[PDB]
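**Q** Right, I'll just put the structure down here and ask away after.
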Amino acid sequence: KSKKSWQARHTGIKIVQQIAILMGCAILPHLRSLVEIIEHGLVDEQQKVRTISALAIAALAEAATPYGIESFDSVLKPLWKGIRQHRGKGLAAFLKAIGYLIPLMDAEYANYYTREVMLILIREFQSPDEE
Amino acid sequence: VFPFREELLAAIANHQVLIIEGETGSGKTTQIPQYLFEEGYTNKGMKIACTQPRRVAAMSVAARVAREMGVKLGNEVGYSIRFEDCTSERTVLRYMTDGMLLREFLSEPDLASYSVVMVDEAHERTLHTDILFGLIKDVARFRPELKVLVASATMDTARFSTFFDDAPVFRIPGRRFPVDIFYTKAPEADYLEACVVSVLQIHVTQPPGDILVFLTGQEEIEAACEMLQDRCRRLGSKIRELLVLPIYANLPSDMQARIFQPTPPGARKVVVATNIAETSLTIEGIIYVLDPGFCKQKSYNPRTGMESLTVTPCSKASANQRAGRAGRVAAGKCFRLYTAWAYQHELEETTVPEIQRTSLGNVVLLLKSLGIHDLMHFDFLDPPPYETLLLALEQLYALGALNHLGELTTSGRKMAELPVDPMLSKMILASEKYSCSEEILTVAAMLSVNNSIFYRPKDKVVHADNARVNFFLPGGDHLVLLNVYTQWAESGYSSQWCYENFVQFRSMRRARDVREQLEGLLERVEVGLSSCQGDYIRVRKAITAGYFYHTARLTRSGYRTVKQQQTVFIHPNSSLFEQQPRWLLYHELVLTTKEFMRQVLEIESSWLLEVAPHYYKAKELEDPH
Amino acid sequence: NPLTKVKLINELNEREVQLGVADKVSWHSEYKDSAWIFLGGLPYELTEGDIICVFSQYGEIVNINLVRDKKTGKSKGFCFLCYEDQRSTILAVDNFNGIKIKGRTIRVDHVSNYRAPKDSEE
């Protein structure tokens with residue numbers, strides 16, 4: 001949460017990402033106090049910071065499996081805004097984050113997030129990049 | 001009408017109730033109420049009421065009659081409209097909407113203030129007029145002093161005379177000049193462009209005479225005014241000047257008066273009007289009519305149990321009325337945007353009375369306030385289905401407006417004091433308990449106006465939504481209304497501010513007036529004005545207290561409504577930004593292609609249970625979807 | 001991320017030369033009937049003539065397409081080149097990948113469908 005250069009915030013969100021992919025489920029009792037950081041991102045003016053914040057949300061969702069769905073509730077709305085208005089690698093990182101969050105979720109909300117995202121998947125089957 | 005004046009006087013003198021029929025423009029509204037001569041209402045300490053289904057007809061006619069009488073408007077001649085009164089102790093003759101007279105009935109069942117009541121434009125058969133006819137029939141028994149006149153454009157007398165216990169009829173012979181009719185070769189899918197082209201052609205080619213174009217609504221009319229005005233200027237050098245004027249229900253009085261203004265010479269006037277122009281009033285000098293064949297009509301669906309206003313094709317009778325407007329001065333022309341076949345075969349002969357078309361909740365509360373116990377038995381000219389009435393009583397009961405007995409509660413009696421739908425009145429009345437009354441007051445006023453609040457041009461959408469976003473409150477469309485109203489309160493260069501903001505000044509101004517009138521009601525009634533700091537919960541609760549019947553729950557996919565278990569989607573106007581809003585309260589049900597729910601605000605389910613436990617009991621709920 | 005696809009397309013050809021894949025199934029029978037190639041990471045000082053001079057070694061580009069912006073810009077970094085023959089595109093994606101021209105390295109990929117104003121990844 002320092003604002004002099006985006007490299008420090010990029011570094012800290014990268015720390016969150018490699019913590020989440022390094023240690024599996026012991027990050028879960030400290031999940032909420034770690035995820036309350038991450039919503040200060042995703043609205044920044046840098047594409048790299050938003051992309052690595054989506055990767056950190058995706059890494060925390062992969063680490064949780066399937067716990068803490070009421071703790072990511074402040075994250076789904078900027079992800080929905082980003083898959084509506086933004087396209088590119090940010091769309092891919094947002095789609096990774098949402099696709100990792102939706103197995104954690106109850107049936108009605110995950111079904112609503114599943115049925116209104118497959119159009120984006122059919123649209124992005126024409127993508128040339130391998131990642 | 002003047003050639004008949006003696007004949008009319010004789011009928012009036014002889015009978016308590018009379019029916020008077022004549023084509024529009026014959027002079028029914030303006031001249032007849034001049035019954036003041038025979039009546040001498042003022043000496044008796046009474047007035048005469050003339051009721052109009054349309055606000056514009058009441059306001060404009062009153063202004064005209066005041067001039068005809070050589071008195072000041074608001075004085076001897078005045079008008080009464082819902083949030084707009086222009087009357088005084090001096091008022092002799094009061095033109096008013098039927099809704100208003102019904103409200104006066106609620107306070108005084110006898111309507112002792114009036115010696116004569118004239119229900120005009122009966123042919124429209126609005127709900128308010130239908131109730132008024134029922135009530136008057138009985139009041140007449142009570143007061144031999146009261147005289148009633150029913151006026152209608154339709155030459156058809158019989159149904160009314162019989163309803164009136166074989167009241168006598170006076171008919172005025174039709175003066176209308178012949179009007180030639182033009183039809184289109186083929187059906188036209190997009191009528192507005194076609195309407196614009198026809199207007200321009202008439203102005204260039206045709207000899208002097210004004211044009212009357214019939215459109216559907218304000219937004220469409222406003223669009224046509226700009227396009228026609230621009231094109232007219234383009235005609236410019238070659239063609240004479242063409243003035244263009246809008247007319248619709250909302251227009252302020254000063255603007256309504258503009259339609260009367262004379263055309264420049266060789267220049268022409270075009271009035272772009274809703275159906276107000278059909279029978280309600282006449283603009284002298286119209287020779288040419290353009291009839292697209294559409295109107296905004298209320299529709300009711302009994303299975304779904306919902307009203308909705310849709311644009312639909314006009315009845316044959318209304319098509320004839322529109323053409324007739326061309327004939328008043330001299331031989332005219334009417335351009336019908338459809339084929340002769342459609343006119344003969346397709347158009348339904350006549351529209352149904354509004355009573356058949358409506359949700360009855362407002363009417364039931366009104367009748368109860370009237371002191372009518374037997375709702376089923378009420379002598380309607382055309383009785384509504386019993387089921388619609390039963391549903392209305394049940395809804396009022398859950399609202400707590402009526403008890404299980406069907407008697408008014410303190411809340412029902414107070415709600416009757418407010419000129420709004422019961423859900424809105426209840427929401428407003430409860431708000432002080434919520435400590436939100438000031439915010440609710442603004443929301444209710446904002447709800448009472450068109451969604452002309454936000455303007456989105458089709459091409460212009462991006463900028464317009466960017467402007468809206470400033471006000472927008474996530475998961476709370478009702479809150480957005482509060483934000484925009486509050487901002488509208490403080491904005492330098494108000495007219496320009498609205499335009500830059502993509503907001504309709506007309507709607508916001510109307511909302512401002514309504515809020516002022518409602519606040520006065522709250523002051524009189526002793527409903528304290530309350531507010532808190534940053535309490536969204538209290539606002540959502542207050543909305544729930546009124547709206548708990550109109551709630552939808554987030555389905556596994558889509559939304560389902562608590563009442564009638566209907567599948568619906570949140571209207572595209574709002575984004576369910578928050579995933580959290582599982583439960584939403586919605587203002588309206590729109591039925592374009594699919595079923596949509598408009599103007600939604602999130603609500604906690606526990607609040608619904610807490611707020612309306614009778615409604616929220618599981619026993620009434622069907623097997624769990 | 002902006003230039004690791006250079007390493008990816010290089011490791012594809014290294015895996016092809018390691019496993020001993022014949023030319024019938026070596027990734028170019030799937031992109032037939034298309035002479036269009038996409039470029040990535042071009043500097044902003046490149047005109048169309050310099051791009052023609054640097055990629056005309058294996059055949060002249062029949063159809064050039066630089067991403068020239070509407071009013072306020074000059075270039076973005078992408079390019080479309082349509083050669084004569086598809087084997088020229090094979091040799092261009094196998095040989096012109098990994099090189100650098102004035103600082104930033106460039107990448108060559110296939111298109112195979114149709115030209116687009118902006119769909120790719122900057």
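FYI, nothing fancy with the structure tokens labels: chains A, B, ... in order, residues from 1 per chain, ligands from 1 as they appear.
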Compile the contact shell of residue 527 (chain B) as a list in words: residues with an atom at most 10 Å away, counting only C-alpha atoms, same-chain residues fewer than 2 positions apart removed.
**A**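 The contact residues come out as residues 428, 429, 430, 431, 432, 433, 437, 519, 520, 521, 522, 523, 524, 525, 529 and 530 of chain B.
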**Q** Could the residues of chain A that have an atom at most 10 Å from chain B be listed as a tab-separated table, each with its closest atom pair and the distance in Å to one decimal, counting only C-alpha atoms and ordered by chain and ascending residue number?
**A**
```
residue	atom	partner	partner_atom	distance
A:70	CA	B:580	CA	9.3
A:73	CA	B:580	CA	7.0
A:74	CA	B:578	CA	8.6
A:75	CA	B:579	CA	9.5
A:76	CA	B:579	CA	6.7
A:77	CA	B:577	CA	5.6
A:78	CA	B:577	CA	8.4
A:79	CA	B:577	CA	10.0
A:80	CA	B:577	CA	7.5
A:81	CA	B:577	CA	7.8
A:106	CA	B:556	CA	9.0
A:107	CA	B:556	CA	6.3
A:108	CA	B:556	CA	3.1
A:109	CA	B:556	CA	6.0
A:110	CA	B:556	CA	7.7
A:111	CA	B:556	CA	5.6
A:112	CA	B:557	CA	4.4
A:113	CA	B:557	CA	8.2
A:114	CA	B:557	CA	8.9
A:115	CA	B:557	CA	7.4
A:116	CA	B:557	CA	8.9
```
**Q** For the residues in that selection, give me N, CA and C atoms as a compact mmCIF listing (two decimals), in the first residue's frame.
**A**
```txt
# COMPACT_ATOMS: atom_id res chain seq x y z
N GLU A 70 -16.92 -16.62 1.58
CA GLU A 70 -17.43 -15.34 2.09
C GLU A 70 -16.31 -14.35 2.39
N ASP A 73 -15.63 -12.08 -1.12
CA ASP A 73 -16.82 -11.39 -1.60
C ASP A 73 -16.56 -9.95 -2.04
N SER A 74 -15.47 -9.33 -1.58
CA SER A 74 -15.08 -8.00 -2.03
C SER A 74 -14.18 -8.04 -3.27
N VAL A 75 -14.03 -9.22 -3.88
CA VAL A 75 -13.16 -9.38 -5.04
C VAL A 75 -13.94 -9.64 -6.32
N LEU A 76 -15.16 -10.20 -6.25
CA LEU A 76 -15.88 -10.65 -7.43
C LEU A 76 -16.38 -9.50 -8.30
N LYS A 77 -16.69 -8.35 -7.70
CA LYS A 77 -17.23 -7.23 -8.47
C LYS A 77 -16.19 -6.55 -9.37
N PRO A 78 -14.95 -6.24 -8.93
CA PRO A 78 -13.97 -5.75 -9.93
C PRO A 78 -13.55 -6.79 -10.94
N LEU A 79 -13.60 -8.08 -10.60
CA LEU A 79 -13.33 -9.13 -11.59
C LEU A 79 -14.42 -9.17 -12.65
N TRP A 80 -15.68 -8.97 -12.24
CA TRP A 80 -16.79 -8.91 -13.18
C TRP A 80 -16.69 -7.67 -14.07
N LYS A 81 -16.33 -6.53 -13.47
CA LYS A 81 -16.12 -5.31 -14.25
C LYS A 81 -14.96 -5.47 -15.24
N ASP A 106 -21.17 -21.66 -3.64
CA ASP A 106 -22.45 -22.36 -3.62
C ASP A 106 -23.06 -22.44 -5.02
N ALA A 107 -24.07 -23.31 -5.15
CA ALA A 107 -24.51 -23.80 -6.46
C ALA A 107 -25.17 -22.71 -7.30
N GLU A 108 -25.99 -21.86 -6.69
CA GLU A 108 -26.72 -20.84 -7.45
C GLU A 108 -25.78 -19.76 -7.98
N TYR A 109 -24.91 -19.23 -7.11
CA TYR A 109 -24.01 -18.16 -7.53
C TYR A 109 -22.92 -18.66 -8.47
N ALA A 110 -22.41 -19.88 -8.26
CA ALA A 110 -21.43 -20.44 -9.17
C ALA A 110 -22.06 -20.79 -10.51
N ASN A 111 -23.33 -21.20 -10.50
CA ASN A 111 -24.04 -21.46 -11.75
C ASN A 111 -24.30 -20.17 -12.52
N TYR A 112 -24.61 -19.08 -11.81
CA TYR A 112 -24.81 -17.80 -12.47
C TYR A 112 -23.50 -17.24 -13.01
N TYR A 113 -22.40 -17.48 -12.30
CA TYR A 113 -21.10 -17.03 -12.80
C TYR A 113 -20.57 -17.95 -13.89
N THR A 114 -21.08 -19.18 -13.97
CA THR A 114 -20.64 -20.11 -15.01
C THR A 114 -21.39 -19.87 -16.31
N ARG A 115 -22.72 -19.69 -16.24
CA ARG A 115 -23.53 -19.56 -17.45
C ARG A 115 -23.30 -18.23 -18.16
N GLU A 116 -22.94 -17.17 -17.44
CA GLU A 116 -22.63 -15.88 -18.05
C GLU A 116 -21.13 -15.62 -18.12
```
**Q** So that I can check the surroundings of region 109-115 of chain C, please list as a PyMOL selection string every protein, DNA and RNA residue that reaches within 12 Å of it, counting only C-alpha atoms and ignoring chain neighbours fewer than 3 positions away.
**A** (chain A and resi 126-130) or (chain C and resi 5-6+8-10+27-41+63-67+78-83+86+88-98+106+118-120)
**Q** Once DSSP has gone over the backbone, tell me which residues of chain C are in alpha helix (DSSP H), as a PyMOL selection string.
**A** chain C and resi 4-19+48-55+86-95
**Q** Would you list which chain A residues are within 12 Å of chain C using only C-alpha atoms, as a list in words?
**A**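 Residues passing the distance filter: residues 47, 48, 51, 52, 87, 88, 89, 90, 91, 92, 123, 124, 126, 127, 128, 129, 130 and 131 of chain A.
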**Q** Using the selection just defined, write its residues with N, CA and C atoms as a short mmCIF file (atom, residue, chain, number, x, y, z; two decimals), in the first residue's frame.
**A**
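Below is the file that was written, selection.cif:
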```cif
data_model
loop_
_atom_site.label_atom_id
_atom_site.label_comp_id
_atom_site.auth_asym_id
_atom_site.auth_seq_id
_atom_site.Cartn_x
_atom_site.Cartn_y
_atom_site.Cartn_z
N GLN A 47 -1.29 -1.97 -15.65
CA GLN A 47 -1.84 -3.25 -16.08
C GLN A 47 -1.13 -4.42 -15.41
N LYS A 48 0.16 -4.27 -15.13
CA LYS A 48 0.93 -5.34 -14.51
C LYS A 48 0.48 -5.59 -13.07
N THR A 51 -2.87 -7.35 -13.21
CA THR A 51 -2.67 -8.72 -13.68
C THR A 51 -2.11 -9.60 -12.57
N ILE A 52 -1.11 -9.10 -11.83
CA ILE A 52 -0.53 -9.92 -10.78
C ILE A 52 -1.45 -9.97 -9.56
N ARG A 87 -9.93 -6.20 -22.01
CA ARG A 87 -9.54 -7.34 -22.84
C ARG A 87 -8.03 -7.37 -22.95
N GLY A 88 -7.48 -8.56 -23.19
CA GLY A 88 -6.05 -8.76 -23.29
C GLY A 88 -5.59 -9.77 -22.26
N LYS A 89 -4.35 -9.59 -21.80
CA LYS A 89 -3.81 -10.46 -20.76
C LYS A 89 -4.50 -10.23 -19.42
N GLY A 90 -5.03 -9.03 -19.20
CA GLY A 90 -5.83 -8.77 -18.01
C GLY A 90 -7.11 -9.59 -18.00
N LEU A 91 -7.73 -9.77 -19.17
CA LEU A 91 -8.89 -10.64 -19.28
C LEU A 91 -8.53 -12.09 -18.95
N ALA A 92 -7.34 -12.53 -19.37
CA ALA A 92 -6.91 -13.90 -19.09
C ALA A 92 -6.63 -14.10 -17.61
N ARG A 123 -15.70 -16.74 -27.24
CA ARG A 123 -15.09 -15.61 -27.93
C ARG A 123 -13.56 -15.69 -27.91
N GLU A 124 -12.98 -16.19 -26.83
CA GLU A 124 -11.53 -16.26 -26.69
C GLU A 124 -10.94 -17.59 -27.12
N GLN A 126 -10.53 -18.02 -30.25
CA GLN A 126 -9.78 -17.56 -31.41
C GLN A 126 -8.46 -16.89 -31.03
N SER A 127 -8.06 -16.96 -29.76
CA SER A 127 -6.86 -16.26 -29.32
C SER A 127 -5.60 -16.96 -29.82
N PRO A 128 -4.63 -16.20 -30.34
CA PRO A 128 -3.44 -16.83 -30.93
C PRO A 128 -2.37 -17.19 -29.91
N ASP A 129 -2.34 -16.49 -28.78
CA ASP A 129 -1.29 -16.70 -27.79
C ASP A 129 -1.47 -18.02 -27.04
N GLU A 130 -0.34 -18.65 -26.70
CA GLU A 130 -0.37 -19.99 -26.11
C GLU A 130 -0.71 -19.95 -24.62
N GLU A 131 -0.32 -18.87 -23.93
CA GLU A 131 -0.57 -18.77 -22.49
C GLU A 131 -2.06 -18.61 -22.19
#
```
**Q** Kindly give the distance, in Å, that separates CA of residue 131 (chain B) and CA of residue 313 (chain B), rounded to a single decimal.
**A**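 Spanning CA of residue 131 (chain B) to CA of residue 313 (chain B) is a straight-line distance of 26.9 Å.
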**Q** Just the residues within 10 Å of residue 49 (chain A), please, counting only C-alpha atoms, with nothing from its chain fewer than 5 positions along; format it as an NGL selection string.
**A** :A and (6-11 or 13-14 or 41-44 or 54-55 or 90)
**Q** Do you know which residues are at most 10 Å from residue 104 (chain A) counting only C-alpha atoms, after dropping those on the same chain fewer than 3 positions away, and could you put them as a list in words?
**A** residues 61, 62, 64, 65, 66, 67, 68, 69, 70, 72, 99, 100, 101, 107 and 110 of chain A
**Q** Could the residues in this selection be saved with C-alpha atoms as an mmCIF file, in the first residue's frame?
**A**
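Output (part-v4.cif):
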```
data_model
loop_
_atom_site.group_PDB
_atom_site.id
_atom_site.type_symbol
_atom_site.label_atom_id
_atom_site.label_comp_id
_atom_site.auth_asym_id
_atom_site.auth_seq_id
_atom_site.Cartn_x
_atom_site.Cartn_y
_atom_site.Cartn_z
ATOM 1 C CA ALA A 61 -8.316 -19.594 -4.633
ATOM 2 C CA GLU A 62 -6.153 -22.535 -5.714
ATOM 3 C CA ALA A 64 -7.948 -22.501 -0.312
ATOM 4 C CA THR A 65 -9.887 -25.376 -1.998
ATOM 5 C CA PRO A 66 -12.821 -24.873 -1.222
ATOM 6 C CA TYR A 67 -12.886 -22.678 1.907
ATOM 7 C CA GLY A 68 -13.333 -18.942 2.390
ATOM 8 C CA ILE A 69 -16.010 -18.056 -0.175
ATOM 9 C CA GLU A 70 -17.426 -15.345 2.092
ATOM 10 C CA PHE A 72 -13.496 -13.267 -1.402
ATOM 11 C CA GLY A 99 -12.357 -19.928 -12.752
ATOM 12 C CA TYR A 100 -10.361 -20.711 -9.627
ATOM 13 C CA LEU A 101 -12.892 -18.953 -7.366
ATOM 14 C CA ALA A 107 -24.508 -23.795 -6.460
ATOM 15 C CA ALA A 110 -21.425 -20.441 -9.172
#
```
**Q** Suppose you want the space between CA of residue 618 (chain B) and CA of residue 305 (chain B); what is it in Å?
**A**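 Separation of CA of residue 618 (chain B) and CA of residue 305 (chain B): 20.9 Å.
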**Q** Please extract the residues of region 68-177 of chain B with a backbone DSSP assignment of strand (DSSP E or B) and present them as a ChimeraX atom specification.
**A** /B:73,77-81,84-86,93-97,114-119,147-152,169-171
**Q** Write the residues you've just listed into a file as a short mmCIF file (atom, residue, chain, number, x, y, z; two decimals), in the first residue's frame, and include C-alpha atoms for each of them.
**A**
```
data_model
loop_
_atom_site.label_atom_id
_atom_site.label_comp_id
_atom_site.auth_asym_id
_atom_site.auth_seq_id
_atom_site.Cartn_x
_atom_site.Cartn_y
_atom_site.Cartn_z
CA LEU B 73 -56.91 32.03 -13.74
CA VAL B 77 -61.90 29.85 -12.97
CA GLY B 78 -59.23 27.49 -11.72
CA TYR B 79 -57.89 23.98 -12.09
CA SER B 80 -56.86 21.20 -9.73
CA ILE B 81 -54.26 18.58 -10.69
CA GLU B 84 -50.59 21.23 -8.83
CA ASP B 85 -53.46 23.31 -7.54
CA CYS B 86 -54.52 26.60 -9.04
CA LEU B 93 -65.73 26.73 -11.97
CA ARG B 94 -63.11 24.16 -11.27
CA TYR B 95 -61.70 22.07 -14.09
CA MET B 96 -59.86 19.14 -12.60
CA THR B 97 -58.73 15.64 -13.37
CA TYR B 114 -70.53 21.42 -5.83
CA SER B 115 -74.02 22.14 -7.13
CA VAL B 116 -73.16 20.68 -10.53
CA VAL B 117 -70.63 18.07 -11.51
CA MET B 118 -69.74 17.49 -15.12
CA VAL B 119 -67.91 14.34 -15.99
CA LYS B 147 -77.05 18.03 -10.93
CA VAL B 148 -74.81 15.84 -13.05
CA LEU B 149 -73.91 15.99 -16.70
CA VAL B 150 -72.00 13.30 -18.49
CA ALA B 151 -70.26 14.44 -21.63
CA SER B 152 -68.81 12.17 -24.27
CA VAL B 169 -79.62 12.67 -24.12
CA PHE B 170 -78.67 15.78 -26.01
CA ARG B 171 -76.65 15.26 -29.16
#
```
